[PDB]
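# Chain and residue survey
Below, each chain spelled out in residue letters.
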Amino acid sequence: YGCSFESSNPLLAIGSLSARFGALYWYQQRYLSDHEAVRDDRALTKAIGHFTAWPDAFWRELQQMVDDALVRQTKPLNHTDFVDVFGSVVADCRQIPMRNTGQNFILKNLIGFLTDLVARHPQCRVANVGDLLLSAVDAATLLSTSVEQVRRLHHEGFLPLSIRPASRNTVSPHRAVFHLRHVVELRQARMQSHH
DNA sequence: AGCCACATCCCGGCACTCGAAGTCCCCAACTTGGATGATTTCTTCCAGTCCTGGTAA
């Protein structure tokens, strides 16, 4: 009904109401997968405790699935889709309606993590994590901008395309084609703002 | 003006894009002069047989 908080240590304890609503919606689909039992009070009541160690737990949830994915590998990683390892955790960032990083704190932590992941895995002769392919709609989300802007950014040569398409065809938004390390670096280099 | 049957209608849901290099453009295509003569084109003999009318003196 209102916020009214002070000494807001948890990442769920600050902000405008729309964000506070979005954070709960996200928590629910992701951890309350059990079918509705109209436990309208009890089901959501737990979300606050959950977030109290967030700055240090979210990363472990992401780390766990890097390893479980790795041991099930069937192709060299540089032809593997980003989605096969992280399971659309990126798309879920779109459920909070705000676009910028300083307000959408879920996206802010996911990017933090991916930047570190790339940093500890530099390029060498054998491919490794960080060379995964992103689709056009994924870069748009990580770069905090609409899709048409990515097409314009490609056209000017600020980033490379890795898969050669056939002639008399087009690459659709859903096709996986940019390397992760290329997107992370470009964003640090030329996409920052006061937000 | 109040009550009832039947039309559709929009959100939540679901499923698909889809592997995976490109194979050269352009403009022209021939004019003149003649096609042969002299000769001849076969002859002997033969060319089946039997069955399958109606009507009135």
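Residues numbered from 1 in each chain as written, not as in the entry; some residues may be left out. Chains lettered and ligands numbered in written order. Part of a larger assembly, values for the part shown. Heavy atoms only, no water.

Structure determination for this entry, per the PDB record, employed cryo-EM and reached 3.52 Å resolution.

Labelled according to the PDB entry, chain A appears under the name TniQ, originating from Aeromonas salmonicida.

### Concerning the overall build of chain A
Each helix and strand counted, chain A has 9 helices and 2 strands in total. Reading chain A from its N terminus to its C terminus gives the helix and strand order α-α-α-α-α-α-β-α-α-β-α. On the principal axes, the C-alpha backbone points of chain A span a range of 55 × 40 × 35 Å. A buried classification covers 35% of the 195 residues belonging to chain A. Residue pairs at least 24 apart in sequence account for 67% of intrachain contacts in chain A once pairs closer than 6 positions are excluded. Counting 21 positive and 18 negative side-chain charges, chain A places the averaged centre of each group 6 Å from the other. (Helix = DSSP H or I, 4+ residues; strand = E, 2+ residues; numbered from the N terminus. Buried < 20%, exposed > 50% of the residue type's maximum accessible area, 1.4 Å probe, protein only. Contact = heavy atoms within 4.5 Å. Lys, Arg positive; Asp, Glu negative; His and termini not counted. Charge placed at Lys NZ, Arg CZ, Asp CG, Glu CD.)

### Thoughts on the pattern of salt bridges
Considering all chains together, one arrives at 7 salt bridges under this definition. One salt bridge connects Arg42 with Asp41, and the closest N-O pair in it is separated by 3.3 Å. Residue classification places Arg42 among the exposed positions, given a relative accessible area of 59%. Two residues, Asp131 and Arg181, come together in a salt bridge whose shortest N-O distance is 3.0 Å. (Salt bridge = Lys/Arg side-chain N within 4 Å of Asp/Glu carboxyl O.)

### Thoughts on the protein's contact with DNA strand B
Residues in contact with DNA strand B, as listed here, are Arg164, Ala166, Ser167, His174 and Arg175. Sugar and phosphate atoms form 40% of the subset of DNA strand B atoms that lie within 4 Å of the protein. Residue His174 places a side-chain N or O atom 2.8 Å away from a base oxygen belonging to DNA strand B. In this structure, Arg175 approaches DNA strand B through a side-chain N or O atom, which is 3.3 Å from a phosphate oxygen. (Near = heavy atom within 4 Å. Polar contact = N/O pair within 3.5 Å; in protein donor to acceptor, adjacent residues only side chain to side chain.)

### Observations regarding helix α6 (residues 105–119)
Over its 15 residues, α6 runs 22 Å from end to end, which matches the ideal 21 Å to within 8%, given 1.5 Å per residue. Tucked inside the fold, the buried residues of α6 contact α1 (17–31), α4 (58–70), α5 (82–86), α7 (136–142) and α9 (180–190). (Expected span 1.5 Å × (residues − 1).)

### Remarks on the environment of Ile163
As for its position among the elements, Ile163 is in the loop between α8 (147–155) and β2 (176–179). For the pair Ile163 and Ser146, spaced 17 residues apart in sequence, the C-alpha separation works out to 22 Å. Look past the residues within four positions of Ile163 in its chain and what remains in contact with it is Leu133, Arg175 and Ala176.

### Comments concerning the side chain of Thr101
Take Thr101: it is sitting in the loop between α5 and α6. Judged by relative accessible area, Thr101 falls into the buried class, the value being 17%. There is a polar contact of 3.3 Å between the side chain of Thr101 and the side chain of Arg187. Contact partners of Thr101, with chain neighbours within four places excluded, come to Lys108, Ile111, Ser144 and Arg187.

### Looking at the environment of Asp81
Within the fold, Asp81 resides in the loop between α4 and α5. By relative accessible area, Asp81 is classed as partly exposed at 26%. Separated by 69 residues in sequence, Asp81 and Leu12 have C-alpha atoms that sit 32 Å apart. Other than its neighbours up to four places away in sequence, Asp81 contacts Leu133 and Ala176. Separated by 2.7 Å, the side chain of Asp81 and the backbone nitrogen of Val83 make a polar contact.

### Some remarks on the packing of aromatic side chains
Tallied over the entire structure, the rule returns 11 aromatic pairs. Ring geometry for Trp26 against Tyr31: centres 5.9 Å apart, planes inclined by 70°, an arrangement best described as edge-to-face. Relative to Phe105, the ring of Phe51 lies with its centre 6.1 Å away and its plane at 70°, an arrangement referred to as edge-to-face. Taken together, the positions of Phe51 in the loop between α3 (47–50) and α4 and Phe105 in helix α6 put the pair 54 residues apart, joining distant regions of the chain. For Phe51, a relative accessible area of 1% corresponds to the buried category. Among the aromatic residues, those joined into a cluster by ring pairs are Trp26, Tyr27, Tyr31, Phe51, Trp54, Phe58 and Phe105. (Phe/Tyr/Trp six-rings, centres within 6.5 Å; stacked < 30°, edge-to-face > 60°.)

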